[PDB]
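Trainee: Structure for the following, please:
(2 chains, ligands or ions: 1)
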Amino acid sequence: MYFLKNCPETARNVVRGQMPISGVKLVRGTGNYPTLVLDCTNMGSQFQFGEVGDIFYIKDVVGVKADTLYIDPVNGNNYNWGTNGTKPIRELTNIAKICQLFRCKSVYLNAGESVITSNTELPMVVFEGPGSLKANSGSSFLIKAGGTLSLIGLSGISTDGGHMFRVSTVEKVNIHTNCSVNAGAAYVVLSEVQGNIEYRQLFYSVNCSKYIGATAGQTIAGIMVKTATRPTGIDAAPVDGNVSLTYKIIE
Amino acid sequence: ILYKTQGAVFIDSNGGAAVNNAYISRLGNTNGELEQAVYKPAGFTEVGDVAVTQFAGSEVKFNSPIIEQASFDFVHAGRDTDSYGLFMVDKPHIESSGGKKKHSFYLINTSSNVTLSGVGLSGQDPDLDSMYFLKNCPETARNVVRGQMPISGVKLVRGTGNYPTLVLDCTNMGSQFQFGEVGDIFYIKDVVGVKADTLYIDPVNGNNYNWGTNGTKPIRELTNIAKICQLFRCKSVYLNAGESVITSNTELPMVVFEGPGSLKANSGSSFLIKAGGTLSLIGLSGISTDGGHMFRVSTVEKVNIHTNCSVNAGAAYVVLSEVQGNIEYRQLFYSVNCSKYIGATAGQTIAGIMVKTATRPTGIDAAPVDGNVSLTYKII
Ligand SMILES: OC[C@H]1O[C@H](O[C@H]2[C@H](O)[C@@H](O)[C@@H](O)O[C@@H]2CO)[C@H](O)[C@@H](O)[C@@H]1O
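Mentor: Numbers count the residues shown, from 1 in each chain, chains lettered A, B, ... in the order given. The relevant structure is shown in the block below.
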């Protein structure tokens, strides 16, 4: 429907009213700036039968919500909105943007491994489903906003060497992992700021050299590790020297 | 158009057709309510004259119409098959002598974009008359309202069907919270750029038709308080004297509750906590249940429960986490009763507890929570 060519950063291409009844692909473009704005746009059944096309070009959304974002590394299509279960997207590249735009409460991971190869932000929502999350090429998942990130019942989350979650916000961050967690020789959580973090591991298993570390002097953290399958060698020293504990709950 | 029964009727294909600055009026409204629409969609079975009627997929653009003396200003039905046909009315000038009217926008299985121009009214029947009537609009439909609400108080919306579709898009509400009524809050899907600080409740003298956001016009039941606070970003709820009760599990918004009123969960029901934040009960005459757990938490986000009033969960718990929770509970003065302060349905919930009162179940000071809760801090 729209093709946005080299629209400047200050420009806004506002869309109001009702989208067509039949599915359409909304936007494509060229240039480094998003300018499309959904101003209370009545989307109808576009999430189920249409496509966004290129999510990069959407600058802001007002009054348009969806509860869940669906990801399918095997059958998904990135042209999709991803907010309807029959039309999931396939990559993780824009899940943070998409969830922020539509105020999604959860992310659904269909079977298969959802991977990243460069640092990628994760929205602070509930992740569920049979899929797994993998950070490859030394990349890390990024936590940039306060709130709670929950991994519930996934087939697991792991990395090929980089720290698992890099926190760059000073806001309170809760990380809840109720699935298999494997950071290898790295940390589950690395704070790049003077953080305030609460990490909760529930059953399944966890592996890492330290549960939480920080790049610089002190980051307050609270930790609960409820699983026998953990590196017991760090029960006495679960975090690096740059992290001070508020509480520690480990058997 | 000067008419007796129906002003204008638009049916089936009329793509791109426009009707600008139309002046359509019934010749007076005497016995208007008794006219019977002749050409109308199946879903419209009400009696009364209709200035403008549209259905079967017709989508004529109505720009600045002037509609006078009608029982129904507009009756519009989307196409039966897929709800196709947007109801488009921009700045309608609606008036009727003696404030006689049934509905301005009777919308069936459809979407709409309407811009109000600070002109309009709702009829003399305190129960049935409303600006909008939304009949079986589907889940995917949106009936958007922009512009200025009438100066005089009106009842905004009523409807039938299982899905809310009304949207307040930066609607200028004027003094409607104080003098008007929402009608049926259920049909409002969302609200943008319209806020109110407090939601007022009075279990005996309140009226559910009211918005509830102005102190002179509180609502009555607790059923939709979470939804209302969410739509209007309320910071607090004011409970006037009396017992506000629930008999089914009902969500409580995470805001400050104040006033001399009390909260009661009956029929074994529980109050629900579905979002993170802080729920504060400050100075209420108390909160209690007839046997159900007081607060059932179903969110994994950080939840703070601050009770500065009398609390009685009986043999039940003040808080029950239905997920792997993260809760902080603080009881300040007054009194607290329960078998355990916090419990959970399964796999460990973390919590911090502060109980500052001599009137508490002293025998659980050493074991304040059930086996599925692990304490971060305990101050008693
Ligand atoms: O699907 C087309 C249309 O058929 C019927 O409409 C009737 C209408 O009710 C009568 O008042 C008269 O105008 O004849 C029409 C058909 O010839 C359905 O009642 C209506 O819902 C539907 O849209």
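
Trainee: what does the stretch 51-200 of chain B put close to the ligand?
Mentor: Counting by C-beta under 6 Å from any ligand atom, the stretch 51-200 of chain B comes close to the ligand at B:55, B:56, B:80. Every C-beta, even on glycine, is put in place using the N, C-alpha and C of the backbone.

Trainee: so what's the second one closest to, chain neighbours aside?
Mentor: Here the nearest residue to residue B:56 in space, its sequence neighbours aside, is residue B:12; by C-beta to C-beta, 6 or more residues apart in numbering or on different chains that works out to 4.4 Å.

Trainee: if we can go back for a sec, among the residues of the stretch 51-200 of chain B next to the ligand, which ones are buried?
Mentor: When these are checked for burial by 16 or more other C-beta atoms under 10 Å in any protein chain shown, the buried set is B:55, B:56.

Trainee: out of the residues of the stretch 51-200 of chain B next to the ligand, which are inside strands?
Mentor: Of these, the ones assigned to strands by DSSP state E are residue B:55.

Trainee: Which member of the residues of the stretch 51-200 of chain B next to the ligand is positioned nearest residue B:333?
Mentor: residue B:80 (61.4 Å; C-beta to C-beta).

Trainee: Now that closest one. Nearest residue, chain neighbours left out?
Mentor: Setting aside the residues directly before and after it, residue B:80 is nearest to residue B:109 in space (C-beta to C-beta, 6+ apart), at 7.1 Å.

Trainee: Please tell me I have it right and residue B:88 contacts residue B:113.
Mentor: Yes: using C-beta atoms under 8 Å, residue B:88 is in contact with residue B:113, at 5.7 Å.

Trainee: that older thread, which of the residues of the stretch 51-200 of chain B next to the ligand lies closest to residue A:186?
Mentor: residue B:80 (59.3 Å).

Trainee: so where's the longest helix in the chain?
Mentor: With no chain named, the answer covers chain A. Secondary structure assigned by DSSP state H gives helix A:95-102 as the longest helix of chain A.

Trainee: that's the wrong chain, I meant chain B
Mentor: The residue-count maximum for a helix in chain B (DSSP H) belongs to helix B:225-232.

Trainee: Okay, buried residues for that one please.
Mentor: For helix B:225-232, a neighbour-count test (16+ other C-beta under 10 Å) marks B:225, B:226, B:228, B:229, B:230, B:231, B:232 as buried.

Trainee: Point out the other elements, helices or strands, that that helix touches.
Mentor: Judged by 3 or more C-beta pairs under 8 Å, 6 or more residues apart in numbering or on different chains; DSSP states H and E, the packing partners of helix B:225-232 are strand B:188-192, strand B:198-201, strand B:250-251.

Trainee: ok so, going back, ok, then the element right after the longest helix of chain A?
Mentor: Following helix A:95-102 in sequence order, the next helix or strand is strand A:106-109 (DSSP states H and E).

Trainee: tell me what that next one is packed against?
Mentor: Secondary-structure packing of strand A:106-109 (3+ C-beta pairs under 8 Å, 6+ apart): strand A:68-71, strand A:126-128.

Trainee: at 6 Å what do you get?
Mentor: For strand A:106-109, the elements it packs on are strand A:68-71, judged by 3 or more C-beta pairs under 6 Å, 6 or more residues apart in numbering or on different chains; DSSP states H and E.

Trainee: Other residues contacting the strand it packs on?
Mentor: Outside strand A:68-71, the residues within contact range by C-beta atoms under 6 Å, 6 or more residues apart in numbering or on different chains are A:82, A:85, A:88, A:98, A:99, A:104, A:106, A:107, A:108, A:109, A:114.

Trainee: After whichever strand or helix holds residue B:147, which helix or strand is next?
Mentor: Assigned by DSSP H and E, residue B:147 falls within strand B:143-148. Going down the chain from strand B:143-148, the next helix or strand is strand B:155-160, by DSSP H and E.

Trainee: quick one: contacts of the helix or strand following that following strand?
Mentor: Note on strand B:155-160: by DSSP H and E, the next helix or strand toward the C-terminus is strand B:166-169. Strand B:166-169 is touched from outside by A:40, B:142-146, B:157, B:187-192, B:194, with contacts defined as C-beta under 6 Å, 6+ apart.

Trainee: List the buried residues in strand B:166-169.
Mentor: By 16+ other C-beta under 10 Å, the buried positions in strand B:166-169 come out as B:166, B:167, B:168, B:169.

Trainee: And the helices in chain A?
Mentor: A:46-49, A:95-102.

Trainee: Hmm, residue B:11 is touching residue B:59, no?
Mentor: No: with contacts counted by C-beta atoms under 6 Å, residue B:11 stays clear of residue B:59, the gap being 11.2 Å.

Trainee: ok, now how distant is residue B:144 from residue B:116?
Mentor: As judged by C-beta to C-beta, to the nearest Å, residue B:144 and residue B:116 stand 11 Å apart.

Trainee: Compare neighbour counts for the two and give me the winner.
Mentor: With neighbours defined as other C-beta atoms under 10 Å in any protein chain shown, residue B:144 and residue B:116 compare such that residue B:144 has more, 25 against 21.

Trainee: And the more buried one, how far from chain A?
Mentor: 6 Å (C-beta to the nearest C-beta, to the nearest Å).

Trainee: and the closest residue to that residue other than its chain neighbours, what are its bridge partners?
Mentor: Distances taken as C-beta to C-beta, 6+ apart put residue B:167 closest to residue B:144, at 4.5 Å, once the chain neighbours are dropped. Here residue B:167 sits in beta bridges with residue B:144, residue B:190, going by DSSP bridges.

Trainee: Same check on residue B:280?
Mentor: With DSSP bridges applied, residue B:280 shows beta-bridge pairing to residue B:256, residue B:306.

Trainee: wait, doesn't it sit right on residue B:256?
Mentor: Yes: the pair residue B:280 / residue B:256 is scored as a contact, 4.5 Å apart, by C-beta under 6 Å.

Trainee: residues contacting residue 47?
Mentor: Defaulting to chain A. Going by C-beta under 6 Å, 6+ apart, residue A:47 touches A:81, A:83, A:84.

Trainee: The intended chain is chain B.
Mentor: Per C-beta under 6 Å, 6+ apart, neighbours of residue B:47: residue B:36.
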